[PDB]
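Here's the letter readout for the chains.
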4 protein chains.
Amino acid sequence: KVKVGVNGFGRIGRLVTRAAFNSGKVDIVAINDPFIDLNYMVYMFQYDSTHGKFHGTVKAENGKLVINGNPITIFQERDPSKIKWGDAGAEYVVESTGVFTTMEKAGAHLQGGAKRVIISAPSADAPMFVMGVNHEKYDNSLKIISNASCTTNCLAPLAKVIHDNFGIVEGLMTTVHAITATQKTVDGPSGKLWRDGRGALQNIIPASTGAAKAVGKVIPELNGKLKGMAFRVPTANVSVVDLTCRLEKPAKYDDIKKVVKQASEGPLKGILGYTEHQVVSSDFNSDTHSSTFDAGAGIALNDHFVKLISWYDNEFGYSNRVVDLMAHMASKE
Amino acid sequence: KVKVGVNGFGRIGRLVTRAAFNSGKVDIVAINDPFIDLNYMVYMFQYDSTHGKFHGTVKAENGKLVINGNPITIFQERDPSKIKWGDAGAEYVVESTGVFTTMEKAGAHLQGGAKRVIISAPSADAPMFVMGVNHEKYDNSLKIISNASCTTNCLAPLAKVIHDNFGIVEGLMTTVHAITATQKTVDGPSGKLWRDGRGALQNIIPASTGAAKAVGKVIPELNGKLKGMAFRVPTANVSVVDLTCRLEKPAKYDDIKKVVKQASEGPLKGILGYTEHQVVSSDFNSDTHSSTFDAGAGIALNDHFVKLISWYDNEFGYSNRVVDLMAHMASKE
Amino acid sequence: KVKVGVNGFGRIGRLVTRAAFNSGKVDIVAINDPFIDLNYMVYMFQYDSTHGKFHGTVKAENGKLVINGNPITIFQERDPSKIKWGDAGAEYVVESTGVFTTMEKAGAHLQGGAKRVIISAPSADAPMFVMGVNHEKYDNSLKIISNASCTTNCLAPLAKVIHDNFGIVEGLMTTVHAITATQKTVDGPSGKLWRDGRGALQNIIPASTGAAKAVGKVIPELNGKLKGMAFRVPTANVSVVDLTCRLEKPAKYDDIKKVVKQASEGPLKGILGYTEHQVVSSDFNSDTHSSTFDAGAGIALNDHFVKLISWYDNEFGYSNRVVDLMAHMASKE
Amino acid sequence: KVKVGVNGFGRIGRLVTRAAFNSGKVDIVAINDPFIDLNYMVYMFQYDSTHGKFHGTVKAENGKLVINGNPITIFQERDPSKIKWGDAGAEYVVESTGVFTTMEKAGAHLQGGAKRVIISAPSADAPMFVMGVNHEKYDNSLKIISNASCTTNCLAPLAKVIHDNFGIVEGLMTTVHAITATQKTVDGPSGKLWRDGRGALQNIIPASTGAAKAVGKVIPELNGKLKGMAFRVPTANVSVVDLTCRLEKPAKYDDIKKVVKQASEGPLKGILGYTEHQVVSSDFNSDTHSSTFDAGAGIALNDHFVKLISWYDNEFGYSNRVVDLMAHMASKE
Ligand SMILES: NC(=O)c1ccc[n+]([C@@H]2O[C@H](COP(=O)([O-])OP(=O)(O)OC[C@H]3O[C@@H](n4cnc5c(N)ncnc54)[C@H](O)[C@@H]3O)[C@@H](O)[C@H]2O)c1
Ligand SMILES: NC(=O)c1ccc[n+]([C@@H]2O[C@H](COP(=O)([O-])OP(=O)(O)OC[C@H]3O[C@@H](n4cnc5c(N)ncnc54)[C@H](O)[C@@H]3O)[C@@H](O)[C@H]2O)c1
Ligand SMILES: NC(=O)c1ccc[n+]([C@@H]2O[C@H](COP(=O)([O-])OP(=O)(O)OC[C@H]3O[C@@H](n4cnc5c(N)ncnc54)[C@H](O)[C@@H]3O)[C@@H](O)[C@H]2O)c1
Ligand SMILES: [Zn+2]
Ligand SMILES: [Zn+2]
Ligand SMILES: [Zn+2]
């Protein structure tokens, strides 16, 4: 029902667009990307190495991108403040370029007529929200918000269930993460983050992520109680979280399984998943969950000290959450 | 000085041979592998996808594998007890087939004239040793010993330094593991371990490992205080250990760095490495250390709860330890 | 209508089974595989790293494999002559183990009551058939036949069109081929084919193939006019043929495009594909064509000397052809 | 002996620097790169995912990059005309940024006092040279030249031997090429070349290359008689050429082997290699040859129609040729 503009037609931009048209929860009416012209958008959206060919129709007609018969205005602006979202009827803008993550930078979309902006990444100052965890804390005074990172959306739902039931005194997270567009095919320049410049195909690359720390924002009680890091590895998609945490109340591993499974079947349905199957990463490709608990993979040293494993399609899960978030916001208007 | 025989000419058998000739600490004089004839041995030893072409000469001559002008007797016996080690002058035998890990089976080499047997893998009932950790516990009454696994050799030296200085109350370990020969190119049968059957190129694959528990043996005080698991990922060589542990005594991260660096420069020199460089996995290709502490990659939530990162060439490092162990044994004769 | 048994429930076995339930052209009533028990078959069939989770239902009940409600008898015989195909009602047997490719070896299935056998690979003496090329040469007197290789099924339909219109004087073919189950994850023993033993993730591996020569069997006029080789590269699925040939009659590239596109829409519909899109290998994953001509990728030096490019899902395309051929065989009974 | 400056410290820039110091054929005295400061240069040059840690010393001292005790002046100029090559003592300048490949653009280095410029890539207008083929056609009047491409340097030497002995009537080339810096980790924008934007790890990507056509310039007699294309595949380094050519004079394959081997041991020593071993791509990592003929991989349909295979380290071979070319220029001077 809410009309949506997308800034940055990349992995997230394109898959948010897919999620939108597949679910019908929001309507994409405009897209901006200076480095992808209209004809190129048809090809990039239609064919996808990771998630296969788009199920539906896409073509260019009269300057518009037409997906499933729905025309979309196409902009080619480098400067976000110059995009005429208002003229196109875009009420919400998905900010998914990755270079406008502050409220100041993302707020440029308001000058073009956008009413609200959703940053598809962590923000230094924008309020972050995770569906199933704190999305009800949103209110209509917030015109610029963040949907956090893919990793945060994996960790937070799980952390909520564990904290709600047993309490997390302290925890340390590792994520084995699929490669992304920011990495390099071969050893190349990355002056700010030297390790991230090394060849992505050849290397396990340790990386710093504020994902664990970010969970402290969407779940205030866990503020300062979580830290983590990442290992980037040569897979095209799907990542996994490794949460090692100390519980303040005792819990058998079966108790943990029970409460997680219960959550996945109820209040966190579609967000937090649960499995006992012998899964590997490819089994979660195009899976729309934010987080899927791997029961068989976890290990318990004692009732107070455990390692919990959760899978996530970093591309497809997060993209769907962006749509869910916007659908929820629209319902409050 | 001591003469060595090698049963099995796989990744380990061949790299023990390389380490032996490169370091010159021992002399290979016999090899046994049914599935590999003499001409093929030259090829497999000379050319290596991971560690490159051998530095030195290798050729067949008079039915002998000649490495660096040193002839080596070859055997093709499927039954270990049928190998004439004594005739070829082999004092120590490196059992590296991986199917004779028990005291009974491994002892078969003795029947042939072998004086001592070194198992290059975990054993269910043979005394396990890790250089730098408990190798001084070796005495001359032991005829059949084990050098534990590649991962145990990475974790134990670090675990020793941390335990000796601050005391590990408890710890959970993750290892991001490069692919191995037991895995499959595409989804194939692995009846006992279903996840391991899945395509190695396509998947992050969780897997069980007894490395953390094995540290309990070589370091008795840590018995029952460590366990862990693995994630197999599509990289060719070099793995990494992720140890999340609670400490009883306070330990600022700078104090951890100090004691590990101190250990790397003194008693554990050559075994436990230390670095503050922005390293990735490939930087440890053909690194001979059992384990190299990654200072920049580790994180501390507080003085009692930390995540410690250590790299290892799961092939090269371990193979050299086997040679080092044999050299230590020879010095005790 | 015709009831089918599958020997060897591997990549081709499982995908032949998928193709059969998806097309409905035949009925799978029995499967044999000593190294995959009933419960394991459920897992291997349901989850696929390459082609995704099975669309439909699969489970074990009453000792039967039940797919979409249809019970399937499961055998665990190593000896082909000991499988009770007749009792299970299997009339045709798909021989897809890779180790019974001669008529003598494949004929063992007749002892257990099978009526005809279709070898899912090249055979040294069994008549080879390729859908769209020579399948109409099949007749009821042939009880054991071969569906050739994936590569042959790609090249032959293309070569047919080119020869029919312009005449191939001579040709040389290269196939850039995805990895398969026969390859190794790391340098391992392969005494018969040394290069094939080398790690499949790290290397481009030149390999021999009789695919081009086999086209001379299914297209007799081209006997002795074609030869080729292969490069194995680190991708999980989908391969491509590179055909360099001399033509007898003048052929503008636009004329080649015309006749190939004509064929793809007419008599070779569903077997030979045609595209002008900017495609890469993943765009053909789970594509059912035997061969898809890549218009933009090909090049013409002159009217008589050209390089033609054709893509194929080596797993999925070939598997459907096996089902197609069996349905055709049944039509001739 | 000749002092050299390097513009652009990328894969080629850095590996030309390695080649220079390893061979000692020229002296690097200056380097320019706006996107890599002094400290970062030390790291990027020392550590290399593909060719391992640099064998020697590297450090920053007094604003200089010091390799093996040799100080090197560092510039950070975006505009090549502003680089004081002269003051730094650099006579020749290797232009290896990939964005100054024209004579007008590369000529900017002369304004800074450089005497000659070698473009480490094909040029639209600068004369191209390939060591072993037409380097003797270089003369002192030429201030701005090109060393062509890696692929041209692989194909031309081979083409020379074949054309000289048997005459190439016509030929078509395919190169299976390892990934490069211009490719993307995941589906991303590549506006002028759509296929090159697709994920490099996931895809076999067909691509255009003027390598075969370029051979016609370094070998005038073959002008218009060759063309080709490339398949990009997910390997970090080492590529292979596949030359399918028709010959005017009869040539048994043994005769082809003979003349190629003969050249590898004589005038083309170090440029054109010859092997009959069962090699795979990784065996040529850090191989300094421009082209190594794979005797066992090639095939002949008849005495006039053959497919010849040749390997090349696209990074290391080319870099050493840049140095050889400069050394040759200096010998004339
Ligand atoms: N890929 C993931 O798994 C993932 C998951 C969660 C969040 N994110 C975050 O989403 C954001 C985008 O990530 P991505 O993977 O889609 O990267 P991407 O490179 O695939 O896409 C980003 C793009 O935005 C375009 N762009 C660049 N500058 C622009 C500008 N000034 N104006 C408009 N468009 C511009 C680019 O052409 C490109 O298409 C990042 O912040 C990322 O951290 C990514
Ligand atoms: N993978 C491809 O792309 C492709 C394409 C065309 C043809 N083929 C051919 O099909 C055949 C199988 O190929 P694949 O890729 O499925 O190999 P695969 O290894 O994936 O499966 C073959 C199997 O047969 C089973 N098996 C082994 N011995 C058996 C026995 N005595 N009895 C019953 N089952 C047994 C194995 O358990 C395994 O499941 C081969 O001949 C192959 O050349 C493969
Ligand atoms: N990589 C190969 O295999 C190969 C083989 C043959 C030829 N080449 C050619 O060599 C050239 C470089 O290729 P590459 O593989 O090293 O890619 P690369 O990305 O690694 O190197 C290009 C670089 O030059 C730097 N640079 C960019 N703009 C600059 C500027 N204005 N001034 C100074 N430095 C600048 C960049 O920091 C970067 O290091 C290309 O033209 C390529 O076609 C590459
Ligand atoms: Zn039932
Ligand atoms: Zn028919
Ligand atoms: Zn010009």
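Residues numbered from 1 in each chain as written, not as in the entry; some residues may be left out. Chains lettered and ligands numbered in written order. Heavy atoms only, no water.

- X-ray crystallography is the method the PDB entry states for this structure, with the resolution given as 2.3 Å.

**Comments concerning the coordination of the zinc ion (ligand 6)**
Ideal donor angles around a metal are set by the shape: a four-donor tetrahedron calls for 109.5 degrees, a six-donor octahedron for 90 or 180 degrees.
All names here are of chain D.
Thinking step 1. Every protein donor of the zinc ion (ligand 6) is listed here as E104 (OE), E104 (OE) and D125 (OD), and their distances to the metal cover 1.9 to 2.7 Å. Here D125 lies in the loop between strand 7 (116–119) and strand 8 (144–146) and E104 lies in helix 4 (residues 103–106), a separation of 21 residues in the sequence.
Thinking step 2. A relative accessible area of 65% means that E104 is categorised as exposed.
Thinking step 3. For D125, a relative accessible area of 35% translates into the label partly exposed. (Donors = N, O, S within 2.8 Å, 3.2 Å for Na, K, Ca; no water. Helix = DSSP H or I, 4+ residues; strand = E, 2+ residues; numbered from the N terminus. Buried < 20%, exposed > 50% of the residue type's maximum accessible area, 1.4 Å probe, protein only.)

**Focus: unusual backbone geometry**
Thinking step 1. Unlike most non-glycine residues, B:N62 shows phi in positive territory, near 55 degrees.
Thinking step 2. By the element assignment, B:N62 lies in the loop between strand 3 (58–61) and strand 4 (64–67).
Thinking step 3. With a relative accessible area of 77%, B:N62 lands in the exposed category.
Thinking step 4. In the Ramachandran plot, D:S286 falls in the positive-phi region, its phi being about 65 degrees despite a non-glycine side chain.
Thinking step 5. Counting through the fold element by element, D:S286 comes out in the loop between strand 13 (272–275) and strand 14 (291–294).

**Quick look at the relation of the copies chain C and chain A**
Thinking step 1. Superposing chain C onto chain A requires a rotation of 180 degrees together with a translation of 0.1 Å along the rotation axis, leaving an RMSD of 0.2 Å. Interpreted geometrically, this transformation is the action of a two-fold axis. Taking C-alpha positions as reference, the residue of chain C nearest the rotation axis is C:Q202, located at 4.7 Å.
Thinking step 2. Mapped onto chain A, 100% of the interface residues of chain C are again interface residues, and the two copies thus contact each other with one and the same surface. (Least-squares fit on C-alpha atoms. Contact = heavy atoms within 4.5 Å.)

**Thoughts on the relation of the copies chain A and chain B**
Thinking step 1. When chain A is brought onto chain B, the operation consists of a screw motion whose angular component is 178 degrees and whose axial shift is 0.1 Å, with 0.5 Å RMSD remaining.
Thinking step 2. Interface residue correspondence from chain A to chain B reaches 100%, placing this contact among same-surface, isologous pairings.

**Observations regarding the interface of chain A and chain B**
For interface size, the figure often reported is the accessible area lost on association.
Thinking step 1. Taken together, the contact pairs 48 residues of chain A with 48 residues of chain B.
Thinking step 2. In total, about 4000 Å² of surface goes out of reach between chain A and chain B, with carbon and sulfur atoms giving 65% of it.
Thinking step 3. Among the residues chain A hides against chain B, the three largest losses belong to A:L172, A:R195 and A:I204. Together they make up 18% of the total.
Thinking step 4. Our count for the contact surface shared by chain A and chain B stands at four salt bridges.
Thinking step 5. Note that B:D294 is salt-bridged to A:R195, the shortest N-O span being 2.8 Å.
Thinking step 6. Between the two partners, chain A and chain B, sit 20 residue pairs in polar contact.
Thinking step 7. Looking at the side of chain A that touches chain B, the elements with two or more residues in it are strand 9 (168–177), strand 10 (205–207), strand 11 (226–232), strand 12 (239–247), strand 15 (299–302) and strand 16 (305–312) of chain A.
Thinking step 8. The element contributing the most residues to the side of chain A that touches chain B is strand 9 of chain A, with six residues. (Buried area = accessible area lost by both parts, 1.4 Å probe. Salt bridge = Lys/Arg side-chain N within 4 Å of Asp/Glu carboxyl O. Polar contact = N/O pair within 3.5 Å; in protein donor to acceptor, adjacent residues only side chain to side chain.)

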